[PDB]
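What follows is one structure encoded as structure tokens, with my remarks underneath.
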Protein chains: 2
Amino acid sequence: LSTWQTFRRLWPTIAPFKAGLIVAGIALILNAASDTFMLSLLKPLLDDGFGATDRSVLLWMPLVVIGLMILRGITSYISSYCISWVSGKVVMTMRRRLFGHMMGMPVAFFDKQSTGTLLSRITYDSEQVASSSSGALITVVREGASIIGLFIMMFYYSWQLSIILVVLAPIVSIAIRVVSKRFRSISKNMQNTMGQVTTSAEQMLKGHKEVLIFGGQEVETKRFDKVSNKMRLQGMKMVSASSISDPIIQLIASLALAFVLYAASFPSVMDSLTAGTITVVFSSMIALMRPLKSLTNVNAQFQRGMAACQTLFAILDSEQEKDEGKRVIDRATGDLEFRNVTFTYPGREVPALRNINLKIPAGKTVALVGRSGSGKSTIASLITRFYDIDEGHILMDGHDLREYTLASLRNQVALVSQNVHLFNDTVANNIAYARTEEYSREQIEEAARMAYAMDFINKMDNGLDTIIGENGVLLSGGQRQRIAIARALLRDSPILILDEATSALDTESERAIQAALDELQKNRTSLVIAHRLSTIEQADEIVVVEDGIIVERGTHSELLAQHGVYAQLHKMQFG
Amino acid sequence: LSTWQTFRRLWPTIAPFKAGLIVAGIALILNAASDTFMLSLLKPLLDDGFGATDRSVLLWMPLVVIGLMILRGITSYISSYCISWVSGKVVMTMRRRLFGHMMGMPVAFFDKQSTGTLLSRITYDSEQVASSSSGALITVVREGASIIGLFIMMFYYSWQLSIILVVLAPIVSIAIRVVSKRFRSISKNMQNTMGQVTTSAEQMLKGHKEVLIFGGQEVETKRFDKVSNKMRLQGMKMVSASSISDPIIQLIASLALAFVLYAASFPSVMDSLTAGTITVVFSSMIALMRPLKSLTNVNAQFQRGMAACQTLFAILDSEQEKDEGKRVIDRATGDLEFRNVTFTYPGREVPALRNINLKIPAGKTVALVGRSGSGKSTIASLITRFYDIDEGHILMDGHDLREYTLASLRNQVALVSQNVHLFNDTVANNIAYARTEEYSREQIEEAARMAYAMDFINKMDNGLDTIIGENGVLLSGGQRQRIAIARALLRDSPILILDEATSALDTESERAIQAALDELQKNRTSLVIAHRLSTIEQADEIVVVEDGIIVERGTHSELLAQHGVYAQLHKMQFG
């Protein structure tokens, strides 16, 4: 209905690759003619050949057959290659635009759904756009050409006979639709009253035990005997109606055939005809049925493919991260403060955090501590603006976070976890994630040294040049951690968020990890979602979170002495 | 493979209705000729008509068209009606045999599955037997005739051209199979390596948060840019291979066409030909493709329908209730005793009952009492032989139950419940379940009187003649109960099993029910799965069951005084 709005929107991504359509269309039309020329040469076969018993006709005829077919194959290959090239570039361009938009959507959007199954729907729906719409282009251009071709040829070789067929065909199909519709109603009235009789009979083996006790078997076989015969007799009633439909439908069309032959008896018609021209006109008229049937499904196909393009524009039209921030931080000095921060995850009520006052001074390290839920993790995500807050402020160097440009803000933070983003590349270029050409191999080796990683790297194929496979295949939990550390080391990031909640602590050489972690925290601001005794007890402040509020605050022994929730958690070893 | 064993088994149920097949087959062959005669008259159309410019040909031709089609419609209707009549009687006969067998299978068999969904599978699979196998009969007889017809006609009108086509066609299809198989392999090798590249790309929006923090967006767009182009370029590699297949396949067949025309140039061939005979032979040779294609799916269809007949013979071949009992009871005097009865439901271990000693003397009434599970219900079902026992004996008049004929045994018991077997009939004939002509309306009215039923029956349309609808529609819980009672009253059944566990007790006129129940129990042996205080407390003995063993036994106050499990249950009011 409005699918041409969608197309006019879509068009200018296609118009760069227009050249390929022109060609495909040309080659398609050639391909249709090639088709109808071959049909045309039944006239010379039956006249110039068998009418004049001329064996020279049957000599060139073979060379024109394989001739046209060679051309028909070539035009077919050209058209289907051109279409695929254009549709391929359109889907790739649309996929790239979609991807670049999503990299820049809210973190909210990413938590509704797996990106692995959104990109399956997107790669599939992008294909269905160009499949359905290019497929429709083909059957317009090609079957339109073939229709025009066969009509012209029909009317040329006997306009008299063709006018008869063009009038009759519509009357005959309308006579058939009317008859086969009148039979669907008669079949649905009988399937309704077969469903009832069948339901009735599928019940009547129930209450078997009552029957055995009372000895009513012979009664119940005579109730089934009657309902079985009734079922079968309804079966006849149904067959005798439906197996009449098709005889009458054919008898209707034979009268049209028989009428056309009778017309060809009258010389006004018959004088235009030959054996050749009658067989070309019936052949070309039968050849019309396929491309007409294709042409009445083209609309369904085009909108089916703009329907999938509707979904991709939905994604491109949904809103990106707010970044009205106007200020640019070179380097945060460090002082970082929450001030009455209340926050609800979107699409719930019952806040995740309430009235969070919390200050992380420059150089210092706070450890967040608490049970599973708590809000430990939420607090960290608010630092980087992965959400935004309902009430209060969060400050970095005495301005709200939202006064800074998202890019500037995030350049300050770094993150360390076990589930660090590893990807198909060398170690060197994992460690310098972006900024590969901004840190030398000399520098990158030092970051890996101090992360206690040259241990397991120098014991590997090509050292720092070693590829890390599909999804980052090669590395154990503890090695990942040290790489994440090496990354956060390399960028001298003034803030550090350290997530211990996901990372595992059995690990051989946890000593090595703690030694690196120590080197990392050295004179840099650090919020820590904490579970290592090692870093909790060493922490400048601890903050205990329970049900989205800070209950306790202070140093290790200070809080342990209070025999409160910090003590409960220290006893349990956090988990 | 062995599906002709199945058919030879099935055959003698069909052979009664053989007449209808003969006719159908005759009419089918006529229908095939009628088809090929119509094709035949292209020769006179193009020769005797347009070859001799004879307008008299185009005058009779119409009358032969509508002629044959009338015959073709008639032969079609005769054949499809005959087939349906025979297949209808075969499925009805098979359904009746299946039903009569199941009414007589073990009660075990009925507890695996709903009979409502077994009879759906059976009514459906019985249809699929006669559908698939009769459908196969049609396409053998009819397409075989049409094949024979078109071959004869082809070789008659030009044996020279026909030998060429008969040799070429096989070479051409084998040339096409070989080519289009060589292209499936090439497409599966490329879908394997498209699946990998696609999986790789659907991953690479993950670890979004790590990316935002570290500012690696521009790096990740350049990883997608490359994998998107790689996906698309594999797309071309795939299209260019598959869109070559079909040109080459057609070019192969055109060479066969072109070869046939070249052969028709040589006078050895060309002298047998005309316009008429060449168009009949190409038409009849194209007309061969459909019935050959049908004939190579006939085997699949016939075994598909003997496969469903396999399942119905499985049911007819599975074993019926054991009835090696040799003794016939006219009327049990009443004395009924369990003696160390141990019993496990088939397909478990952990018995449902252990060492059940229990005696019900003539005229007396025992009430079984216990919690939900218990075995209350199981005990009752063992009385009627709905299962059989692992160890011990159950006696009626000092012989084991198994010495009696199942019919004789069950003639003694009657059953009263709320879930009594009601069915689509008059009240009178529900009350006399079997034995409708063995008790008069005078007698049946008395049974209904004493069951406290003429209350609600005389307040209804046609009284005792009132129909009870689909499943026994009209009756409330308490009315059902009194009818069940009226039934068990009418047959002066020496034993009575009374199930109160299912029946509901809120019911207005429970007074009426208890009054009837009192009239029923009067001087007849009665086991009662008991929950009415009214009948438990009045009972000659009580038997308390827990975890499949009798724990307590004795009269009401006797057991209540023991402050045991009977007391626990009397306090809870049973439920």
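Of all residues being polar (S, T, N, Q) and either assigned to a loop (DSSP other than H, G, I, E, B) or in the same structural domain as A:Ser534 (by CATH) (or both) in region A:547-573, which is farthest from A:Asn340 (Cα to Cα)? Just the residue, please.
Across region A:547-573, the extreme among qualifying residues is A:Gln573.
Residue check, B:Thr193 against (1) more than 28 Å from A:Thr378 (Cβ to Cβ); (2) facing chain A (nearest Cβ under 7 Å), all met but one. Which one?
Result: B:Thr193 fails condition (2) only.
Looking at (1) among the aliphatic types (A, V, I, L, M); (2) buried (at least 17 other Cβ atoms within 10 Å of the Cβ); (3) assigned to a loop (DSSP other than H, G, I, E, B), can you tell me which one A:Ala362 breaks?
(2)
Yes/no per residue for (1) surrounded by fewer than 16 Cβ atoms within 10 Å (Cβ to Cβ); (2) assigned to a helix (DSSP H, G or I); (3) touching an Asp or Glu at 6+ places or on another chain (Cβ under 8 Å); (4) not assigned by CATH to the domain that holds A:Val140:
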site	(1), (2), (3), (4)
A:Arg232	no, yes, no, yes
A:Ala241	yes, yes, no, no
A:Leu273	no, no, no, no
A:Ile278	no, yes, no, no
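Collect the residues in region B:388-407 that are within 34 Å of the chain's Cα centre (by Cα), crowded, with 18+ Cβ neighbours inside 10 Å and within 14 Å of chain A (Cβ to nearest Cβ), keeping them in residue-number order.
Selection gives B:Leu406 alone.
Under 6 Å between Cβ atoms, at least 6 apart or on separate chains: pull out the pairs that start in region A:228-247 with a residue that is more than 23 Å from B:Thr75 (Cα to Cα) and end on any residue that is surrounded by 16 or more Cβ atoms within 10 Å (Cβ to Cβ) and of a type in the set (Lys, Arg).
Listed pairs, sorted by first residue: A:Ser228/B:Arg95.
Being surrounded by 20 or more Cβ atoms within 10 Å (Cβ to Cβ) and more than 7 Å from every other protein chain (Cβ to nearest Cβ) is the filter here; which residues of region B:73-88 pass it?
Passing the criteria: B:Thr75, B:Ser79, B:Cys82, B:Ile83, B:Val86, B:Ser87.
If you go through region A:410-436, how many residues are small (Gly, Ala, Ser), facing another protein chain (nearest Cβ under 9 Å) and out of contact with any strand residue (DSSP E or B) (no Cβ under 7 Å at 6 or more places or on another chain)? Even if it seems obvious, please write down each step before you answer.
Here is the first cut: in region A:410-436, the ones small (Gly, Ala, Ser) are A:414, A:417, A:428, A:432, A:434.
Then keep just the ones that are facing another protein chain (nearest Cβ under 9 Å); that gives A:414, A:417, A:434.
Among the residues that remain, those that are also out of contact with any strand residue (DSSP E or B) (no Cβ under 7 Å at 6 or more places or on another chain) are: A:434.
Residues in region A:410-436 being small (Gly, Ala, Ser), facing another protein chain (nearest Cβ under 9 Å) and out of contact with any strand residue (DSSP E or B) (no Cβ under 7 Å at 6 or more places or on another chain): 1 in total.
If you go through region A:421-449 one residue at a time, how many are aliphatic (A, V, I, L, M) and either part of a loop (DSSP other than H, G, I, E, B) or within 15 Å of A:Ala512 (Cα to Cα) (or both)?
Total meeting the criteria: 5.
Can you give me the number of residues within region A:324-347 that are without any contact (Cβ under 8 Å) to a residue 60 or more places away in the chain, closer than 16 Å to A:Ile495 by Cβ and of a type in the set (D, E, K, R)?
Qualifying residue count, region A:324-347: 2.
Checking B:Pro267 against (1) crowded, with 16+ Cβ neighbours inside 10 Å; (2) over 28 Å from A:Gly73 (Cα atoms); (3) assigned by CATH to the domain that holds B:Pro170; (4) not polar (S, T, N, Q), only one condition comes out false. Which one?
Only one criterion is unmet by B:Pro267, namely (1).
In region B:103-155, which residues are free of Cβ contacts under 8 Å to residues at least 40 places away in the same chain, over 25 Å from B:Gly88 (Cα atoms) and not β-branched (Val, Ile, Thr)?
Across region B:103-155, the qualifying residues are B:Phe110, B:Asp111, B:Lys112, B:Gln113, B:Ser114, B:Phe155.
If I ask for residues that are more than 19 Å from A:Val239 (Cα to Cα) and touching a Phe, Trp or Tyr at 6+ places or on another chain (Cβ under 6 Å), which ones from region B:70-101 would you list?
Scanning region B:70-101 gives a single hit, B:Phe99.
Can you pull out the residues in region A:92-109 that are more than 7 Å from chain B (Cβ to nearest Cβ), farther than 14 Å from B:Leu205 by Cα and of a type in the set (A, V, I, L, M)?
A:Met94, A:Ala108
Scan A:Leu474, A:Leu505, A:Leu498 and give me the residue that is more than 30 Å from A:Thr333 (Cα to Cα), in contact with a strand residue (DSSP E or B) (Cβ under 7 Å, 6 or more places away or on another chain) and of a type outside the set (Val, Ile, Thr).
Details: A:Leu505 fails: in contact with a strand residue (DSSP E or B) (Cβ under 7 Å, 6 or more places away or on another chain); A:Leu498 fails: more than 30 Å from A:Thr333 (Cα to Cα).
Result of the check over A:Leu474, A:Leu505, A:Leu498: A:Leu474.
Restrict the check to region B:48-58 and report whether at least one residue is crowded, with 21+ Cβ neighbours inside 10 Å and touching a residue at least 60 places away in the same chain (Cβ under 8 Å).
Yes, because at least one residue in region B:48-58 is crowded, with 21+ Cβ neighbours inside 10 Å and touching a residue at least 60 places away in the same chain (Cβ under 8 Å).
Would region B:262-272 turn up any residue that is touching a helix residue (DSSP H, G or I) at 6+ places or on another chain (Cβ under 8 Å), without any contact (Cβ under 8 Å) to a residue 40 or more places away in the chain and of a type in the set (D, E, K, R)?
no
What are the residues in region A:450-486 that are assigned to a helix (DSSP H, G or I) and among the basic types (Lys, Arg), if any? Steps first, answer last, please.
Of region A:450-486, the ones assigned to a helix (DSSP H, G or I) are A:450, A:454-457, A:463-465, A:477-486.
Once the filter is applied, which keeps residues that are assigned to a helix (DSSP H, G or I) and among the basic types (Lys, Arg), region A:450-486 yields A:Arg480, A:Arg482.
All of this is worked out from the model, or read from it or from the source named; these are not laboratory values. Neighbour counts run over all protein chains shown; Cβ positions are idealised from the backbone, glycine included.
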